[PDB]
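Data first, discussion second: the structure below is written as C-alpha cells.
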Amino acid sequence: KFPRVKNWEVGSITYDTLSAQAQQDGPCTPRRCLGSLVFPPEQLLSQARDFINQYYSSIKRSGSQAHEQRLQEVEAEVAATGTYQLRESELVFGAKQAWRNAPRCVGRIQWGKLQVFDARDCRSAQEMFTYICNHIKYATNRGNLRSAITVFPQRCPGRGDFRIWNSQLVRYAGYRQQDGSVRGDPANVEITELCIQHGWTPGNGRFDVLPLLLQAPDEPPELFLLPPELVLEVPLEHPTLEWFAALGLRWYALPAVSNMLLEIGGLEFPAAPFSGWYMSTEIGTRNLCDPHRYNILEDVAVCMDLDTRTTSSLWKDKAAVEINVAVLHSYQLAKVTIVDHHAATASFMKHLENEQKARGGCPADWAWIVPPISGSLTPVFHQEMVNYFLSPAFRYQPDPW
Amino acid sequence: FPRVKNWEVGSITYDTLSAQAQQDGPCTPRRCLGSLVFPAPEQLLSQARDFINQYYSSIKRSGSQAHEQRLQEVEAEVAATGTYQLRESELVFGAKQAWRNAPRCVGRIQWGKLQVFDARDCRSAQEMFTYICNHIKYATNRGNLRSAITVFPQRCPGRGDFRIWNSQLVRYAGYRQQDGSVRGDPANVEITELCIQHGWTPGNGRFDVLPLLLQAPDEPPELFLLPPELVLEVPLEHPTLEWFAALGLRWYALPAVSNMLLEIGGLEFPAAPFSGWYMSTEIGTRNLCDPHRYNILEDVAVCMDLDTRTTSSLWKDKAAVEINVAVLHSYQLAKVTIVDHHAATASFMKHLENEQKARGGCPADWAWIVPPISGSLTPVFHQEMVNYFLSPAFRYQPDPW
Ligand code: HEM
Ligand code: HEM
Ligand SMILES: Cc1cc(N)nc(-c2cc(CN3CCC(F)(F)CC3)cc(F)c2F)c1
Ligand SMILES: Cc1cc(N)nc(-c2cc(CN3CCC(F)(F)CC3)cc(F)c2F)c1
Ligand SMILES: C[C@H](O)[C@H](O)[C@H]1CNc2nc(N)[nH]c(=O)c2N1
Ligand SMILES: C[C@H](O)[C@H](O)[C@H]1CNc2nc(N)[nH]c(=O)c2N1
Ligand SMILES: [Cl-]
Ligand SMILES: [Cl-]
Ligand SMILES: [Gd+3]
Ligand SMILES: [Gd+3]
Ligand SMILES: [Gd+3]
Ligand SMILES: [Zn+2]
C-alpha cells in the first residue's frame with residue numbers, strides 16, 4: 001500500500017507514503033491507466049478542518065491553543081454563514097501548498113518563494129485590472145521575474161464568479177483567413193474571437209498581445225487593453241544564425257496562468273492568476289514548434305539548409321534544438337529570467353529528494369515533468385513517479401461560457 | 001468508455017477495447033503508477049476459452065462447428081491432463097496477437113508480419129541453441145531484417161522451464177572494473193558474471209558479444225557461443241564528423257528479446273525469443289547516451305567543441321542528435337534495416353487508426369511510445385493513450401537465477 005519507486009539512473013529506491021493521502025480520485029483504474037489524458041452542502045467543513053490542520057502542523061503548532069481556537073472559528077463561521085474566510089497567513093500557506101502539490105509543475109523547487117497579493121476585497125472588472133496590472137509589473141520586475149499569485153474573492157453561493165477569460169494574462173492573437181488557417185497563435189483563436197466580439201480592434205500581426213476580458217460577478221465581461229509598457233517581450237534572435245532574427249519571432253516574458261481554480265480548505269477561487277518564469281522548452285519547443293501552434297519548425301529547417309526530404313536526417317530535431325537555443329539566448333540577452341530544461345529537471349530531482357524527507361513523497365506527473373525534447377537526457381526521465389491529487393490544489397475549470 | 005483526444009488535429013475517439021481488459025494494472029483512482037517500469041484448472045479454462053473465442057473470430061468462424069468442438073476439446077484436455085496443446089495456426093495467431101497487444105511497442109504497425117518458428121518439440125538445450133541460431137540467421141537476413149519469434153515448449157506440470165538467461169540474443173559484455181567502473185555495457189554486468197561463472201572466458205573489449213546461457217527443463221544453464229558470422233554488427237560513424245569513427249563504437253543489427261514470457265490462452269511459454277529491427281533512438285539515445293549505459297554524451301559533445309560548462313548551450317541536446325544521426329547513417333550505410341523515431345511514430349499513428357477501426361481501441365503506454373529525444377516533435381506526443389493489459393501477451397518474468 002506504499003508504492004515502491006525506483007530511480008533507474010542510480011538504482012535508488014523510495015516509497016511514496018504521501019500518496020496514501022490522495023483525496024480527489026484521479027482517472028486511473030486497475031483496468032486502464034489514463035495518465036496520458038490532459039483533462040481526465042457542508043462537506044466544506046471536512047476540507048476546512050483538514051486544511052487548518054495542515055497549516056498548524058506546518059508551523060509546529062498542532063494541538064496547541066491557537067489551533068483549537070481557529071478550529072472553532074471556522075466551525076462557527078460555517079454554521080453562521082455557510083462558508084468561511086481564510087486568515088491572511090493561511091491564504092499564503094494554501095497558495096504555496098497548492099503550487100507544491102501541482103503534479104505537472106517542474107518548477108516546484110521554488111514553491112516556498114511566492115508573492116501572494118490578497119485581492120479578496122475586490123469588486124468589478126475595473127478593480128481586477130488594477131490588481132492584474134500590479135501583479136504583472138511586480139512579477140515582471142524589469143525581467144528579473146518573481147513568482148506571484150493574486151487571489152480574487154472566493155466563490156460564494158447565489159452570486160456569480162470572478163473570472164479571467166484569457167487562459168493567460170499575456171496571449172497572442174489568432175486570426176483566421178479567407179482559408180480558415182490561422183495567423184498568430186492557434187491556441188487562442190477562440191479568445192481572440194471573443195475579444196474581437198466584445199469590441200477589440202484586431203491587428204493584423206502574428207504577435208498582437210490580446211486584451212483581457214475581465215468578469216466581475218453577474219456582470220458582462222469588460223475588455224481591458226494592457227499597458228504596452230507593462231507587457232515585457234523578448235524578440236527572438238539566435239547567437240550565430242544571423243537570419244533567425246529576420247523571422248520576426250517574439251515571446252513574452254511572463255507566463256501567468258489566469259484560467260485555473262485555486263482551491264484551499266474547501267474554498268474555491270476561480271480567479272487567482274499565478275505566474276513564475278518560463279522553462280525554455282515551453283516556448284522554443286511547444287509554443288513555436290507544435291504543429292497546432294506556431295509550427296515554425298520547417299521554416300527554420302529551410303533557413304538552416306537542412307534536408308527536409310527525409311525524416312532520417314533528423315532535420316526536425318536539429319531545427320528544434322536551434323530554436324530552443326535562440327529562446328535561451330534571447331531571454332538571457334534581454335536579462336529576462338528563464339531556465340533551460342536541463343537545469344529545471346535537475347532542480348526538480350532536488351525537489352523530489354527534499355519532498356521525500358519533508359513529506360514522504362511528491363505527486364509528480366511523469367509525462368509533464370519530462371521535457372518535450374531530449375527527455376531521456378534529463379534525470380527525471382529515469383525517475384519513476386507517483387501521480388495523485390493533494391489539497392490545496394490548482395484545479396482546471398470550465399471556460400466561463 | 002475513456003474519451004481520447006489527439007491534440008495536434010483535434011480528433012476524438014473512445015477506447016471501447018479497454019473495457020475488455022482482463023488482467024489488472026498498477027493504477028488506482030487514488031494514484032497513477034503509469035511510469036513504473038515493472039508495475040487452478042477453472043481459471044486456465046476461462047483463459048483458454050477466451051483465446052479460442054479470439055482465434056475463431058479472426059478466422060470468421062465464431063460460433064461454428066469447429067469452434068464448439070475446439071472448446072470441448074480444450075476442456076477435455078484440461079480435465080485429463082491439467083493443460084492443453086495449441087494447434088499450430090492457433091500458436092501463430094496467438095504470437096501475433098501478443099505482439100499486437102504489447103502496449104510499449106511502437107513497431108506494432110508490423111504486427112501481422114511475423115514469422116513464427118514452432119520449436120515446441122525442442123528436446124534439449126543443444127536443440128534450443130540450433131533453433132536460436134536459425135532464428136538469428138533468418139531474422140538478420142544479411143541486414144534486411146525480418147520479424148520472427150521462436151516458440152519453445154510451454155510450461156507444463158512435472159517439468160522445469162526452458163529459459164534463455166540472456167535478456168537478448170545479442171548482448172555486449174559488461175565487465176566490472178579494477179576501480180569499480182564498468183567496461184562495456186553496464187546493463188549486462190549480471191549476465192556477464194553468470195557467463196564467466198558458467199565457464200566463459202571473458203574478453204575485455206567494450207563490445208564483446210556474450211555467449212548464450214540456455215536452460216533445458218530441470219537442467220543447469222548450458223553455455224553456447226554464438227557463431228561470430230551469425231551476429232551482424234554495424235560500426236558507428238558519422239556522415240560529417242569523421243572523428244566519430246575513432247570512438248570505436250558498434251551496435252548489433254538484431255534486437256531479439258529473449259527473457260520475456262509469451263502467454264497464449266493461459267498457456268505460458270517462458271522461452272520464446274522475438275526480434276524485429278531497431279528504432280534508432282534505442283541505440284543512439286538510450287544505449288549510448290544513458291548515464292548508466294555507454295554514457296558517451298559528454299565525450300561526443302567535447303569532441304564536437306560544444307560548451308559543456310553550461311546547460312543552456314544545449315550541448316547535451318546537440319551531441320545526442322548527432323549520435324542519433326550517426327546511428328541512422330551507419331545502419332543505412334551497412335544496409336541494415338533501421339527506422340528513425342519520426343517514421344516509427346508516424347507509422348504507430350496509422351497503427352492506432354487501424355486498431356480503432358479493427359478493435360475499438362489500442363493499448364498504448366504513452367511514456368514508452370514517445371521517443372526519448374524530440375518527444376513533442378513526433379505525433380504520438382499529442383495523442384492521448386489508454387494503457388491496459390490484453391491477452392495474448394508478452395509478460396515480464398523473474399530472472400531464472
Ligand atoms: C517559477 C518558475 C516556474 C517554472 C519554471 C514552472 C514550470 C512549469 C511547467 C513547465 C509546467 C508545464 C505546464 C505546461 O506547459 O503545459 C507547469 C505547470 C504548472 N505550474 Fe509551474 N512553473 C513555475 C512556477 C509556478 C508557480 C509560481 C505556480 C503557482 C503558484 C505554478 C503552478 C503550476 C500549475 C498549477 C501547473 C499546471 C499543472 C498542474 O496543475 O499539475 N508554477 N509549470
Ligand atoms: C519490427 C520492428 C519493431 C520495432 C521498430 C519495435 C520497437 C519497439 C521499441 C522502441 C520498444 C521499446 C523498447 C524499450 O525501449 O525498452 C519495443 C518494445 C516491445 N516490443 Fe517492439 N519493435 C519491433 C518488433 C517487435 C516484435 C516482432 C515483437 C514481438 C513479436 C515486439 C514486441 C515488443 C515487446 C513485448 C516490447 C516490450 C514492451 C511491452 O511488452 O509492452 N516488437 N518495441
Ligand atoms: C507559473 C507557470 C510557469 C511556467 N513556466 N509555465 C506555466 C504554464 C504554461 C502553460 C502554457 N503551455 C504552453 C505549452 C503547451 F504545451 F501547449 C501547454 C500549455 C500552461 C500552464 F498550465 C502552465 F502552468 C505556468
Ligand atoms: C523486438 C524488438 C524490437 C526493438 N526495436 N526493440 C526491442 C526491445 C529492446 C529492448 C532494449 N532496450 C534498450 C534501450 C532501453 F532504454 F534500455 C530499454 C531497453 C528491450 C525490449 F523489451 C524490447 F522489446 C525489441
Ligand atoms: C497526450 C499528452 O498527455 C499531452 O500531449 C501532454 C503530454 N505532456 C505534456 N507535458 C507538458 N509539460 N505540457 C503539455 O501540454 C503536455 N501535453
Ligand atoms: C522511469 C521511466 O518510466 C523509465 O525511464 C521509462 C520511461 N519510458 C521509456 N520508454 C521506452 N521506450 N523505453 C524505456 O526504457 C523507457 N523507460
Ligand atoms: Cl506559454
Ligand atoms: Cl537494445
Ligand atoms: Gd542562404
Ligand atoms: Gd567534417
Ligand atoms: Gd578518448
Ligand atoms: Zn495511471
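Here, A, B, ... name the chains of the C-alpha cells in the order displayed, residue numbers run from 1 inside each chain, and ligands are numbered from 1 in the same displayed order.
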
As a list in words, could you give me every residue of chain B near chain A (at most 6 Å apart, counting only C-alpha atoms)?
residues 8, 24, 25, 26, 27, 28, 29, 30, 31, 32, 33, 35, 36, 292, 312, 317, 340, 372, 373, 374, 375, 376, 384, 385, 386, 387 and 388 of chain B

Return as a ChimeraX atom specification every polymer residue, whether protein, DNA or RNA, with at least one atom no more than 9 Å from an atom of ligand 2; count only C-alpha atoms and all ligand atoms.
/B:95-111,113-116,145-149,255-257,260-262,273-282,286,338-341,344,363-365,368-369,371-372,389,393-396

May I have the residues within 7 Å of ligand 7, computed using only C-alpha atoms and all ligand atoms, as an NGL selection string?
:A and (255 or 282-283 or 287)

Expected file contents, prior selection, N, CA and C atoms, as a PDB file, in the first residue's frame:
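Result written to out-v3.pdb:
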```
ATOM      1  N   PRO A 255       4.997  34.075 -17.928  1.00  0.00           N
ATOM      2  CA  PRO A 255       3.945  33.058 -18.003  1.00  0.00           C
ATOM      3  C   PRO A 255       3.024  33.197 -16.803  1.00  0.00           C
ATOM      4  N   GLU A 282       9.106  25.315 -23.083  1.00  0.00           N
ATOM      5  CA  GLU A 282       7.709  25.705 -23.227  1.00  0.00           C
ATOM      6  C   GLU A 282       7.521  26.598 -24.442  1.00  0.00           C
ATOM      7  N   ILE A 283       8.430  27.563 -24.607  1.00  0.00           N
ATOM      8  CA  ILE A 283       8.403  28.496 -25.728  1.00  0.00           C
ATOM      9  C   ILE A 283       9.021  27.872 -26.969  1.00  0.00           C
ATOM     10  N   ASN A 287       5.351  26.014 -27.874  1.00  0.00           N
ATOM     11  CA  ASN A 287       4.690  27.196 -28.434  1.00  0.00           C
ATOM     12  C   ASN A 287       5.102  27.446 -29.882  1.00  0.00           C
TER      13      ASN A 287
END
```

Secondary structure check, helix (DSSP H, G or I) residues of region 313-351 of chain A, as a PyMOL selection string:
chain A and resi 313+315-333+341-351

Could you please extract the residues within 10 Å of ligand 9, counting only C-alpha atoms and all ligand atoms, and hand them back as an MDAnalysis selection string?
chainID A and resid 243 302:305

Write a file of the selected residues as a tab-separated table (two decimals), in the first residue's frame, keeping N, CA, C and O atoms.
```
chain	number	residue	atom	x	y	z
A	243	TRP	N	20.29	35.11	-39.66
A	243	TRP	CA	18.97	35.29	-40.25
A	243	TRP	C	17.82	34.97	-39.28
A	243	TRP	O	16.67	35.25	-39.62
A	302	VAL	N	14.40	25.01	-43.35
A	302	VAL	CA	14.73	25.54	-44.67
A	302	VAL	C	15.83	26.59	-44.55
A	302	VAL	O	16.82	26.57	-45.30
A	303	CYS	N	15.71	27.48	-43.56
A	303	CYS	CA	16.73	28.50	-43.36
A	303	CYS	C	18.08	27.89	-42.98
A	303	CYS	O	19.12	28.43	-43.37
A	304	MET	N	18.09	26.78	-42.25
A	304	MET	CA	19.34	26.11	-41.92
A	304	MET	C	19.85	25.25	-43.06
A	304	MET	O	20.85	24.54	-42.88
A	305	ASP	N	19.16	25.26	-44.21
A	305	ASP	CA	19.55	24.48	-45.38
A	305	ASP	C	19.56	22.98	-45.07
A	305	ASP	O	20.42	22.25	-45.56
```

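Nearest to residue 277 (chain A) of all the residues A:144, A:391, A:240, A:101 is A:144, based on only C-alpha atoms.
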
Which residues are near ligand 10 - at most 10 Å, using only C-alpha atoms and all ligand atoms? Format: as a VMD selection string.
chain B and resid 238 to 244

With N, CA and C atoms retained, export the selected residues as an mmCIF file, in the first residue's frame.
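Below you can see again-v7.cif, which holds the result:
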```
data_model
loop_
_atom_site.group_PDB
_atom_site.id
_atom_site.type_symbol
_atom_site.label_atom_id
_atom_site.label_comp_id
_atom_site.auth_asym_id
_atom_site.auth_seq_id
_atom_site.Cartn_x
_atom_site.Cartn_y
_atom_site.Cartn_z
ATOM 1 N N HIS B 238 29.959 8.824 -38.335
ATOM 2 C CA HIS B 238 29.055 9.943 -38.534
ATOM 3 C C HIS B 238 29.261 10.525 -39.922
ATOM 4 N N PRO B 239 28.186 10.891 -40.637
ATOM 5 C CA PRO B 239 28.356 11.330 -42.036
ATOM 6 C C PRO B 239 29.277 12.521 -42.199
ATOM 7 N N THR B 240 29.270 13.450 -41.257
ATOM 8 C CA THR B 240 30.147 14.594 -41.366
ATOM 9 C C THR B 240 31.161 14.721 -40.242
ATOM 10 N N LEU B 241 31.050 14.019 -39.131
ATOM 11 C CA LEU B 241 32.069 14.154 -38.082
ATOM 12 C C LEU B 241 33.022 12.967 -38.197
ATOM 13 N N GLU B 242 34.139 13.142 -38.912
ATOM 14 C CA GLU B 242 34.985 11.980 -39.217
ATOM 15 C C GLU B 242 35.707 11.428 -37.995
ATOM 16 N N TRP B 243 35.893 12.236 -36.949
ATOM 17 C CA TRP B 243 36.468 11.721 -35.713
ATOM 18 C C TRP B 243 35.533 10.729 -35.020
ATOM 19 N N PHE B 244 34.243 10.718 -35.377
ATOM 20 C CA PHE B 244 33.283 9.858 -34.685
ATOM 21 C C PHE B 244 33.650 8.387 -34.838
#
```

Straight-line distance linking CA of residue 126 (chain B) with atom 13 (C, counted along the ligand's line) of ligand 4, stated in Å to one decimal:
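We find that CA of residue 126 (chain B) and atom 13 (C, counted along the ligand's line) of ligand 4 lie 27.9 Å from each other.
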
Please provide as an mmCIF file with C-alpha atoms, in the first residue's frame all residues within 6 Å of region 43-59 of chain B, with the sequence filter that same-chain residues fewer than 3 positions apart are discarded (counting only C-alpha atoms).
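What ended up in selection-v1.cif:
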```cif
data_model
loop_
_atom_site.group_PDB
_atom_site.id
_atom_site.type_symbol
_atom_site.label_atom_id
_atom_site.label_comp_id
_atom_site.auth_asym_id
_atom_site.auth_seq_id
_atom_site.Cartn_x
_atom_site.Cartn_y
_atom_site.Cartn_z
ATOM 1 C CA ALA B 40 -6.218 -23.821 -10.854
ATOM 2 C CA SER B 62 -17.227 -17.627 -34.360
ATOM 3 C CA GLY B 265 -4.878 -18.684 -23.736
ATOM 4 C CA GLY B 266 -3.497 -19.316 -20.264
#
```

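Proximity ranking of B:324, B:345, B:134, B:391 relative to ligand 6 places B:345 first, based on only C-alpha atoms and all ligand atoms.
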
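If you look at atom 3 (O, counted along the ligand's line) of ligand 5 and CA of residue 379 (chain B), they are 11.7 Å away from each other.
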
Residues near residue 152 (chain B), cut-off 7 Å, only C-alpha atoms, skip fewer than 3 positions along chain, as number ranges by chain:
B: 119-120, 122, 269, 271-272

Give me the residues near residue 75 (chain A) as number ranges by chain, where near means some atom within 8 Å (using only C-alpha atoms) and where sequence neighbours in that chain fewer than 4 positions away do not count.
A: 45, 71, 79

Just checking: using only C-alpha atoms and all ligand atoms, which residue out of B:213, B:74, B:288, B:367 ends up closest to ligand 12?
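For ligand 12, the nearest of the given residues is B:367.
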
Using only C-alpha atoms and all ligand atoms, which of the listed residues (B:185, B:219, B:307, B:268) sits closest to ligand 4?
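The shortest atom-to-atom distance to ligand 4 comes from B:185.
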
Please provide as a list in words all residues within 7 Å of residue 135 (chain A), with the sequence filter that same-chain residues fewer than 4 positions apart are discarded (counting only C-alpha atoms).
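That gives residues 131, 139, 148 and 150 of chain A.
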
Counting only C-alpha atoms, closest pick from A:209, A:271, A:236, A:98 relative to residue 122 (chain A) is A:271

Just want the 12 Å neighbourhood of residue 303 (chain B), counted on only C-alpha atoms, with same-chain residues fewer than 4 positions away dropped. Output as an MDAnalysis selection string.
chainID B and resid 241:247 296:299 307:308 315 318:319 322:323

Would you write out those residues with C-alpha atoms, as a PDB file, in the first residue's frame?
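Final output, saved to part.pdb:
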```
ATOM      1  CA  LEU B 241      32.069  14.154 -38.082  1.00  0.00           C
ATOM      2  CA  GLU B 242      34.985  11.980 -39.217  1.00  0.00           C
ATOM      3  CA  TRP B 243      36.468  11.721 -35.713  1.00  0.00           C
ATOM      4  CA  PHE B 244      33.283   9.858 -34.685  1.00  0.00           C
ATOM      5  CA  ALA B 245      34.545   6.619 -36.226  1.00  0.00           C
ATOM      6  CA  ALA B 246      37.555   6.809 -33.911  1.00  0.00           C
ATOM      7  CA  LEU B 247      35.243   6.270 -30.915  1.00  0.00           C
ATOM      8  CA  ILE B 296      29.192   8.758 -24.387  1.00  0.00           C
ATOM      9  CA  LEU B 297      27.277  12.062 -24.391  1.00  0.00           C
ATOM     10  CA  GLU B 298      29.880  14.335 -22.824  1.00  0.00           C
ATOM     11  CA  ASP B 299      32.772  12.779 -24.727  1.00  0.00           C
ATOM     12  CA  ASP B 307      30.418  24.424 -24.411  1.00  0.00           C
ATOM     13  CA  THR B 308      29.827  21.686 -21.839  1.00  0.00           C
ATOM     14  CA  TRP B 315      25.323  20.723 -25.583  1.00  0.00           C
ATOM     15  CA  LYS B 318      23.168  18.797 -29.793  1.00  0.00           C
ATOM     16  CA  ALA B 319      25.525  15.880 -29.112  1.00  0.00           C
ATOM     17  CA  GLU B 322      24.436  13.813 -33.826  1.00  0.00           C
ATOM     18  CA  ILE B 323      24.805  10.437 -32.059  1.00  0.00           C
TER      19      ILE B 323
END
```

In Å, with one decimal, what is the gap from CA of residue 298 (chain A) to atom 37 (C, counted along the ligand's line) of ligand 1?
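So the two atoms, CA of residue 298 (chain A) and atom 37 (C, counted along the ligand's line) of ligand 1, lie 29.1 Å apart.
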
Within 7 Å of ligand 1 (only C-alpha atoms and all ligand atoms), residues as a PDB file with N, CA, C and O atoms, in the first residue's frame:
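As written to disk, pocket_3.pdb reads:
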```
ATOM      1  N   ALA A  95      -1.733  28.928  -0.816  1.00  0.00           N
ATOM      2  CA  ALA A  95      -1.283  29.200  -2.179  1.00  0.00           C
ATOM      3  C   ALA A  95       0.019  28.473  -2.472  1.00  0.00           C
ATOM      4  O   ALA A  95       0.160  27.822  -3.513  1.00  0.00           O
ATOM      5  N   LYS A  96       0.981  28.563  -1.553  1.00  0.00           N
ATOM      6  CA  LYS A  96       2.241  27.858  -1.737  1.00  0.00           C
ATOM      7  C   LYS A  96       2.029  26.350  -1.768  1.00  0.00           C
ATOM      8  O   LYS A  96       2.707  25.638  -2.517  1.00  0.00           O
ATOM      9  N   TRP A  99       0.641  25.196  -5.114  1.00  0.00           N
ATOM     10  CA  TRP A  99       1.768  25.113  -6.037  1.00  0.00           C
ATOM     11  C   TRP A  99       2.591  23.862  -5.762  1.00  0.00           C
ATOM     12  O   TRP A  99       2.904  23.095  -6.681  1.00  0.00           O
ATOM     13  N   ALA A 102       1.057  20.744  -7.180  1.00  0.00           N
ATOM     14  CA  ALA A 102       0.760  20.658  -8.608  1.00  0.00           C
ATOM     15  C   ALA A 102       1.617  19.586  -9.286  1.00  0.00           C
ATOM     16  O   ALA A 102       2.802  19.816  -9.537  1.00  0.00           O
ATOM     17  N   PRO A 103       1.061  18.416  -9.622  1.00  0.00           N
ATOM     18  CA  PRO A 103       1.923  17.298 -10.051  1.00  0.00           C
ATOM     19  C   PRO A 103       2.659  17.556 -11.345  1.00  0.00           C
ATOM     20  O   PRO A 103       3.708  16.942 -11.579  1.00  0.00           O
ATOM     21  N   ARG A 104       2.154  18.443 -12.194  1.00  0.00           N
ATOM     22  CA  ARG A 104       2.734  18.654 -13.510  1.00  0.00           C
ATOM     23  C   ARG A 104       3.729  19.804 -13.549  1.00  0.00           C
ATOM     24  O   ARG A 104       4.280  20.088 -14.618  1.00  0.00           O
ATOM     25  N   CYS A 105       4.001  20.445 -12.413  1.00  0.00           N
ATOM     26  CA  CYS A 105       4.882  21.604 -12.366  1.00  0.00           C
ATOM     27  C   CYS A 105       6.314  21.157 -12.093  1.00  0.00           C
ATOM     28  O   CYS A 105       6.613  20.621 -11.019  1.00  0.00           O
ATOM     29  N   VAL A 106       7.199  21.379 -13.068  1.00  0.00           N
ATOM     30  CA  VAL A 106       8.603  21.013 -12.897  1.00  0.00           C
ATOM     31  C   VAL A 106       9.371  22.032 -12.071  1.00  0.00           C
ATOM     32  O   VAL A 106      10.500  21.751 -11.648  1.00  0.00           O
ATOM     33  N   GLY A 107       8.773  23.190 -11.792  1.00  0.00           N
ATOM     34  CA  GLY A 107       9.465  24.288 -11.143  1.00  0.00           C
ATOM     35  C   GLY A 107       9.241  24.358  -9.646  1.00  0.00           C
ATOM     36  O   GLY A 107       9.523  25.386  -9.033  1.00  0.00           O
ATOM     37  N   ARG A 108       8.755  23.273  -9.032  1.00  0.00           N
ATOM     38  CA  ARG A 108       8.324  23.361  -7.638  1.00  0.00           C
ATOM     39  C   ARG A 108       9.473  23.473  -6.634  1.00  0.00           C
ATOM     40  O   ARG A 108       9.194  23.584  -5.436  1.00  0.00           O
ATOM     41  N   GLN A 110      10.921  25.960  -6.247  1.00  0.00           N
ATOM     42  CA  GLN A 110      10.677  27.351  -5.894  1.00  0.00           C
ATOM     43  C   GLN A 110       9.426  27.544  -5.040  1.00  0.00           C
ATOM     44  O   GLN A 110       9.052  28.690  -4.769  1.00  0.00           O
ATOM     45  N   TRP A 111       8.773  26.458  -4.613  1.00  0.00           N
ATOM     46  CA  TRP A 111       7.407  26.575  -4.105  1.00  0.00           C
ATOM     47  C   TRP A 111       7.329  27.423  -2.848  1.00  0.00           C
ATOM     48  O   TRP A 111       6.276  27.994  -2.563  1.00  0.00           O
ATOM     49  N   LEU A 114       7.047  32.684  -3.036  1.00  0.00           N
ATOM     50  CA  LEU A 114       5.867  33.062  -3.800  1.00  0.00           C
ATOM     51  C   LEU A 114       5.243  34.299  -3.170  1.00  0.00           C
ATOM     52  O   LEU A 114       5.005  34.329  -1.959  1.00  0.00           O
ATOM     53  N   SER A 147       7.938  34.989  -8.884  1.00  0.00           N
ATOM     54  CA  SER A 147       6.699  34.242  -8.801  1.00  0.00           C
ATOM     55  C   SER A 147       5.692  34.995  -7.954  1.00  0.00           C
ATOM     56  O   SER A 147       6.026  35.531  -6.890  1.00  0.00           O
ATOM     57  N   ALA A 148       4.461  35.047  -8.441  1.00  0.00           N
ATOM     58  CA  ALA A 148       3.420  35.786  -7.755  1.00  0.00           C
ATOM     59  C   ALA A 148       2.075  35.161  -8.082  1.00  0.00           C
ATOM     60  O   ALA A 148       1.882  34.576  -9.154  1.00  0.00           O
ATOM     61  N   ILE A 149       1.153  35.274  -7.135  1.00  0.00           N
ATOM     62  CA  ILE A 149      -0.242  34.932  -7.353  1.00  0.00           C
ATOM     63  C   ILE A 149      -1.080  36.063  -6.778  1.00  0.00           C
ATOM     64  O   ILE A 149      -0.723  36.651  -5.750  1.00  0.00           O
ATOM     65  N   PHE A 274      -1.630  33.059 -11.285  1.00  0.00           N
ATOM     66  CA  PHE A 274      -0.280  32.812 -10.798  1.00  0.00           C
ATOM     67  C   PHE A 274       0.723  32.863 -11.949  1.00  0.00           C
ATOM     68  O   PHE A 274       0.405  32.533 -13.095  1.00  0.00           O
ATOM     69  N   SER A 275       1.942  33.283 -11.626  1.00  0.00           N
ATOM     70  CA  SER A 275       2.990  33.445 -12.609  1.00  0.00           C
ATOM     71  C   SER A 275       4.321  33.068 -11.981  1.00  0.00           C
ATOM     72  O   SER A 275       4.474  33.046 -10.755  1.00  0.00           O
ATOM     73  N   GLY A 276       5.281  32.771 -12.849  1.00  0.00           N
ATOM     74  CA  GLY A 276       6.631  32.455 -12.448  1.00  0.00           C
ATOM     75  C   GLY A 276       7.567  32.896 -13.546  1.00  0.00           C
ATOM     76  O   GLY A 276       7.534  34.059 -13.958  1.00  0.00           O
ATOM     77  N   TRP A 277       8.392  31.984 -14.052  1.00  0.00           N
ATOM     78  CA  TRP A 277       9.176  32.269 -15.240  1.00  0.00           C
ATOM     79  C   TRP A 277       9.193  31.038 -16.125  1.00  0.00           C
ATOM     80  O   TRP A 277       8.883  29.926 -15.684  1.00  0.00           O
ATOM     81  N   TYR A 278       9.567  31.255 -17.381  1.00  0.00           N
ATOM     82  CA  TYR A 278       9.479  30.206 -18.380  1.00  0.00           C
ATOM     83  C   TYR A 278      10.619  29.203 -18.249  1.00  0.00           C
ATOM     84  O   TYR A 278      11.759  29.563 -17.931  1.00  0.00           O
ATOM     85  N   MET A 279      10.296  27.939 -18.488  1.00  0.00           N
ATOM     86  CA  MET A 279      11.268  26.962 -18.943  1.00  0.00           C
ATOM     87  C   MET A 279      11.365  27.070 -20.460  1.00  0.00           C
ATOM     88  O   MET A 279      10.340  27.131 -21.151  1.00  0.00           O
ATOM     89  N   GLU A 282       9.106  25.315 -23.083  1.00  0.00           N
ATOM     90  CA  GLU A 282       7.709  25.705 -23.227  1.00  0.00           C
ATOM     91  C   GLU A 282       7.521  26.598 -24.442  1.00  0.00           C
ATOM     92  O   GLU A 282       6.588  26.408 -25.233  1.00  0.00           O
ATOM     93  N   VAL A 339      14.789  29.376 -17.560  1.00  0.00           N
ATOM     94  CA  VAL A 339      15.516  28.199 -17.117  1.00  0.00           C
ATOM     95  C   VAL A 339      15.430  27.147 -18.217  1.00  0.00           C
ATOM     96  O   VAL A 339      14.356  26.914 -18.782  1.00  0.00           O
ATOM     97  N   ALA A 344      16.186  22.894 -15.100  1.00  0.00           N
ATOM     98  CA  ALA A 344      14.896  22.746 -14.444  1.00  0.00           C
ATOM     99  C   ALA A 344      14.732  21.337 -13.893  1.00  0.00           C
ATOM    100  O   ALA A 344      14.408  21.159 -12.713  1.00  0.00           O
ATOM    101  N   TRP A 368       4.424  15.100 -17.844  1.00  0.00           N
ATOM    102  CA  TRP A 368       4.577  16.551 -17.870  1.00  0.00           C
ATOM    103  C   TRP A 368       5.896  17.019 -17.283  1.00  0.00           C
ATOM    104  O   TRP A 368       6.355  18.113 -17.628  1.00  0.00           O
ATOM    105  N   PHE A 394      -4.293  23.587  -7.396  1.00  0.00           N
ATOM    106  CA  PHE A 394      -4.808  24.229  -8.589  1.00  0.00           C
ATOM    107  C   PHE A 394      -5.579  23.192  -9.395  1.00  0.00           C
ATOM    108  O   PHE A 394      -5.086  22.082  -9.638  1.00  0.00           O
ATOM    109  N   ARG A 395      -6.803  23.544  -9.762  1.00  0.00           N
ATOM    110  CA  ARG A 395      -7.698  22.670 -10.494  1.00  0.00           C
ATOM    111  C   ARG A 395      -8.064  23.329 -11.812  1.00  0.00           C
ATOM    112  O   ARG A 395      -8.148  24.557 -11.908  1.00  0.00           O
TER     113      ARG A 395
END
```
